[PDB]
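Chains here go by letter, A, B, C, D, E, F, G, H, I and J, matching the order in which they are written, and residues are numbered from 1 within each.
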Amino acid sequence: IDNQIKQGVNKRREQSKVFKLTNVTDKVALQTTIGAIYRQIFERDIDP
Amino acid sequence: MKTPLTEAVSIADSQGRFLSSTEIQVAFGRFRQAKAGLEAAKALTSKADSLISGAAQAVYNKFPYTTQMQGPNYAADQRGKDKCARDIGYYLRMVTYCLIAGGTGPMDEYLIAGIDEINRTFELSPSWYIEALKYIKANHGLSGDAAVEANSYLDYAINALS
Amino acid sequence: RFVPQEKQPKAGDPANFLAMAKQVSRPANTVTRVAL
Amino acid sequence: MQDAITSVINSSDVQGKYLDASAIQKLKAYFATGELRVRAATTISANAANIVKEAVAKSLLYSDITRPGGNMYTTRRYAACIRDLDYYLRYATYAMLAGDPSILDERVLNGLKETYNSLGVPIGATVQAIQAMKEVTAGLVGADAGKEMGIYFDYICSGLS
Amino acid sequence: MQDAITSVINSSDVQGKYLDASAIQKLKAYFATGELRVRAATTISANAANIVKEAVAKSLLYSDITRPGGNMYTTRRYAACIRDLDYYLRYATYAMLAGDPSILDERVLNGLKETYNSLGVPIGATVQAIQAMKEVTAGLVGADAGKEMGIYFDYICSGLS
Amino acid sequence: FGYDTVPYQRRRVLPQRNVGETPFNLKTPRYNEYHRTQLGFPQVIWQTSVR
Amino acid sequence: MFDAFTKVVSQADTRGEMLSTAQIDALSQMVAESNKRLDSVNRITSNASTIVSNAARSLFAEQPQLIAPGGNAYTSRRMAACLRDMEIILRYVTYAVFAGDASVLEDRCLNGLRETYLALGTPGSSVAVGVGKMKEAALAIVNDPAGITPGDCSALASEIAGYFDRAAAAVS
Amino acid sequence: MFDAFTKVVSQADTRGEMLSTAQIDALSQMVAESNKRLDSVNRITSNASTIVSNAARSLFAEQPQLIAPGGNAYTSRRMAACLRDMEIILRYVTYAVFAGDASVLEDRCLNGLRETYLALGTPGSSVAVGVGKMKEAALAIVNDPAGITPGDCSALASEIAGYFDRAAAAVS
Amino acid sequence: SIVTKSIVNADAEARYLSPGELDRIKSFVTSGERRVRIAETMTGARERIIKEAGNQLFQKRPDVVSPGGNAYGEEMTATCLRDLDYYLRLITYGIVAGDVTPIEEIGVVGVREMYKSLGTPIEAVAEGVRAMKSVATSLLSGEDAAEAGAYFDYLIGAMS
Amino acid sequence: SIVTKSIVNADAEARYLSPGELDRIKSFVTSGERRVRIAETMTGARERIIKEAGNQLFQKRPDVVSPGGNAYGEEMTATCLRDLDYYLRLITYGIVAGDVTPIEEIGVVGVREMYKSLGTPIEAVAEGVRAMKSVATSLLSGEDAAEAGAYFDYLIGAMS
């Protein structure tokens, strides 16, 4: 494990997804991006 | 559920035909009945609690042994009196239901159909209920044709009892 | 010891505490027709 | 973030060897029990507002901690603790479908001990809520999956305590 | 976005009466020719890097624009006139596999007409490039799948006109 | 049955079996689930507890 | 198998108390309009054969596939059974508006006849459209005045159209 | 429909051989205790109406929801049917302990009555508790030696409680 | 459809359909006759599956049938027949599509503001759905109880 | 308080307090002896609102105290009174702060998650504050209850 996860790129830089907005007339693809804005700007949930 | 409109539909269905003038005669007659019977049922609803207590007291008066002897069928203890007056109110409620329905159907389906085997299994004398129904039909205080058909339903319950 | 006790949310006063009518329903409804 | 597919395929990578017969028995163990996991995964998400409800009724509610003076008196934070107890519920399922507690190190237990003492929340009261949630889950999904899902629940209680 | 499965779902759902024998027949209209339509897609997926060079070789390899003095002469915009052919191909096979022009309305043709004026780009050459791509995409997919793809490319160039 | 015999469940049990077909009175009770739902009966044990 | 009055009685018994006053005023208004309800019923009943013949003809003008050979109502025996099915549905509608409750119409037709038409191969759509057209013609025959004193026919149009739509939806 | 003897006969025929000796000694001891089985059976039978009335008496004291309006055993007709169902169950228990085999109790009640109580809307829990209380009272009535010679009813309390628990579990 | 969001999950990565995904879109079509007949049973028995299951809601939550309530009376539990029929409708559309996007287009994301404007608690409705799941699987086979109930568990989680 | 809303409104400008905001404390502090001469009777009369809040709720919302509802029987009429006893204090706490912002950070800002989870209807607790609004306006004078009645009415609009 010392040679596995502990190499120097802490493997969530290149397996965390990004969110685009190509689909503004889609509605359910919009809703998971708006939550992704909320979970990156305030980076908790804004629900409570 | 022997009510006049239901049994008219049953006649027309078992005959396999449409409705005729006979069922419409049944209908103007049923509306004539209900035009006083609904108000009489409301009046019985008003006087119900005092009638129930008076019937229970008359039943304890005519049959004083039931208050005295120990026995779970007798109303010597308090739970016997609660259950007892509960079935007094049951009888009165079935009388009002038959007054609204316009036939002996509700008492025939809710009371009469098993009352004989229940009084056989539970050592309940039906004469207690006959005395209570006699007190109710004496003390209901209605007048006129509503009073006569109320007495008809209560006498029907009496004849079904014994 | 065992810390003992005292108060919060004592409540305990029924006050009105209105008795229940205890009604029930038939479920023989007009599924076909509800409203315009 | 890893997986019982990947953590036995990367540990065999970093040794330089290939799919060993001792390494092949861990994948086929994961391929045998994987049908049990995926039916257990849907039942958590169907009850996710109710596993968290029966947890706080069996461990948290009607106590001194929701009474003023306790940390749960602010309804800003009783909204946040159901949000906090949701986090251990979904990440246990992520540890269940991975079959691996490695996500819990890197996404739950990164700096979790310092941020709870920085706010002064009780440690054992949260650990008592994980002990509430492990028995509610094992009843609702069946004991064959609850005996595996609870292992990653004890991985949370080891790091939290 | 509206799949042809979801469109015949939608046509009963705007009426709100349930799926009839006619409405299940549209799914059987899709499922009977479903097998060739999936097998058409793996031919167009492996060949999409290969097939994109013969479309310009049949149309715009040597022409009056691709010389010095015209459009498609920077090698930067020659990348664009290959990548748009990659864009029109990759979205037609989505529209093949779903069976709709509605995904083509949403993604590729939501604003495509207006932007080609102010970029100063030849539209009518790109009309011929898709129209040259029909005879090279039908030689490898077969004759039967070649005609059902033809109405989806024809929605593009009619939409680009 | 003719005119003089009371009807009975014909050949319920085969001679080599201790278990025959279900008696018709148990198979076809007075009413089915459809009329049971109309009567609004109250199942699911009872209401429950306050806590 | 319920009346209006037996429906109120069963509801009051399930409540376990006596009948409340507002239900009795409602039943008094029902007893005042029950004759209303049923003159309406009688003028519906007298034209029943004309109603089913006009319904079937309109229907077989509308869907000639049923009359076409191989159609479900093509055969003379099957066509007579078709008219019998329609007349039965109209009769139970008249029974339900006689008793003032849809429970008789439910009891006698609805729960079984959908499965019957599925098992027979009968198209439920055509008989649904036929019951709808028959109900439209029935209200149209009931609503017109021809030597009868003016009355609040309206609502009862509400109830009759309710019964016909319940029949057409239970058929499907 | 099997005895003890017919059960041994069917098992020996499925084996295909004659009856072994140890089964015959077991059946000899059964023939010695079959009258013993019987004494409990007759003192169980003589008090049957008291047993079912006391069982319903304790059950409807215990669950007053059944007596309450809207309850399953509320109506007089339904309450008589309730007592009839209980008396039938007790009678088939007495038959099974007469023949010494549970196959008669299985044959006559068990396979159908669970589905019957589901379809009727009858709560299986209350009748299960009633059969359990009736069985407890039945063994309590059987085990007391009033004017009876001194003997051993051990194994037959075992068998009777087995039959009652089989009935209560098949009811559910 | 199981096509159209495998399209969407392949569109955001800007990639064609993978052959590992292409078997999933192949096996859906050859099993498409298996799901349309179990969706026929919900189309056929739609009246029985709501009528007794509505009483399972009121047995387990009798707060709704109480007076002063949201859905009280013969005309407002009529509206529960005029509302729960759509959820029994849409599960059939979730079956024949293969996934949850007909659920996701119609009845998921606005229900927090729908039932707030209606004034009905959603978990009171949701326990009617979970009791309906227990009686839907009484009709299904032992094989099809999982997969037709797999689209049920998305709807129970969407309300809660 | 009324200062604390203007403080973070100053730092979002990152400038000094504009004199449109200064006089709103000058109207506050000279009426601060007036404002503490309002709410102390509501601390004084403590029970009289509260026992006239539950009985004035239960006649307008009787399905809550039915079986199946959250509040049922004993110990679940008192904590609903005690959760109502919490929201009596914050009306007084908004008055002596002269602003509704200390009502938020302890009592408003997370209601829609905890009352979602507990099943208590947020409309039904909103009518209880509407029930306790009328009995508190009677205890104060009419021009004094006119400002304190709006302090109820914000929590009405926050709950509803």
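Here are a few things to note about the model shown:
Please note the rule applied: a contact is a pair of C-beta atoms (placed from the backbone, for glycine too) under 8 Å apart; a residue touches a chain by one contact, two chains touch by 3 or more.
Annotation of subunit A and subunit D: jointly contacted by I, J, touch as defined at the top.
Two chain pairs, F-I and B-G, are weighed by contacting C-beta pairs, with B-G ahead.
With centres computed from Cα atoms alone, the innermost chain of the structure is I. Computed from the mean C-alpha positions, the centre of subunit A lies at a distance of 74 Å from the centre of subunit B.
Our note on geometry: subunit D versus subunit G, Cα centroid distance of 60 Å, whole angstroms.
Between the CA-based centres of subunit C and subunit G the separation comes to 42 Å, rounded to the whole angstrom.
Put simply, the C-alpha centre of subunit G and that of subunit H have 52 angstrom between them. Looking at subunit D, residues 49, 76-77, 79-80, 82-83 sit in touch with two or more other chains.
Looking at subunit C, residues 9, 21, 23-28, 30-31, 33 sit in touch with two or more other chains. Each of the following residues of subunit G touches two or more other chains: 13-16, 103, 106, 170.
On the subunit J side of its complex with subunit D, the touching residues are 105-114, 116-118. For subunit F in complex with subunit C, the touching residues are 37-38, 40, 42. Subunit I contributes residues 47, 50-51, 54-55, 58, 62, 65-67, 74-75, 77-79, 81-82, 85 to its touches with subunit C in the complex.
By the touch rule above, subunit E contacts subunit I in their complex via residues 1, 3, 5-6, 9, 13, 16, 18-19, 24, 27, 31, 34-35, 38, 41-42, 45, 48, 90, 93-94, 97-98, 103, 107. Looking at the complex, you find that subunit A touches subunit J at residues 47-48.
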